[PDB]
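Residues in the sequence shown are numbered from 0 upward in steps of one, following PDB author numbering.
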Amino acid sequence: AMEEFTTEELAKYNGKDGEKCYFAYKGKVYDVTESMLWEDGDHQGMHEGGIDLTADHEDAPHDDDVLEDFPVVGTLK
Ligand code: HEM
Numbered sequence: 000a001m002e003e004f005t006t007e008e009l010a011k012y013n014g015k016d017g018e019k020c021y022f023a024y025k026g027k028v029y030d031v032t033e034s035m036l037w038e039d040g041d042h043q044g045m046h047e048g049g050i051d052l053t054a055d056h057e058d059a060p061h062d063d064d065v066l067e068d069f070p071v072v073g074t075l076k
């Protein structure tokens with residue numbers, strides 16, 4: 000829970016080109032680089048890392064309990 004990210008900063012961590020795959024959810028920045036469902040920063044052909052995905056989670060076919068297994072590494076501004 001160390002670092003604070005702006006929108007522009009977070010956008011770098013999209014899981015591609017040697018960058019880790021981060022996203023934001025309700026102010027928290029999660030690291031999902033390790034998830035087999037976030038390979039290359041692409042989630043199910045519909046979502047990409049580097050973004051605040053709070054709104055998009057409303058349509059996900061899961062509750063946000065799937066986030067609990069991944070570390071929060073910071074805060075979105
Ligand atoms: C809207 C389209 C999306 C689809 C179709 C989708 C689909 C899925 C599916 C099918 C699973 C695993 C099966 C299950 O858990 O029921 C999953 C897991 C997961 N989803 Fe999504 N999701 C979407 C959006 C999102 C969003 C917006 C987030 C983050 C805010 C997210 C984060 C995760 C995470 C962290 C996991 C667990 C990954 C793992 O355990 O390795 N998903 N997603």
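In this text, a Cβ means the ideal position worked out from N, Cα and C, and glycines have one as well.
- A distance below 8 Å between beta-carbons, with the five flanking residues on each side excluded, links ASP51 to the following residues of its chain, in chain order: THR6, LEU9, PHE22, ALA23, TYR24, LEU75.
- Residue state for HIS61 is assigned as coil, using DSSP reduced to three classes.
- Contact fails between the region 12-19 and the region 52-66, because fewer than three Cβ pairs, one in each stretch, are under 8 Å apart.
- Shortest gap from the CB of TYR24 to any heavy atom of the ligand HEM: under 7 Å.
- When secondary structure is reduced to three states using DSSP, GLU8 falls in the helix class.
- Between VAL28 and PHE4, the CB-CB gap stays under 8 Å.
- Minimum Cα-Cα distance from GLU67 among the listed residues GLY49, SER34, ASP41 corresponds to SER34.
- One alpha carbon belongs to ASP64, the other to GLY44, and they sit about 21 Å apart.
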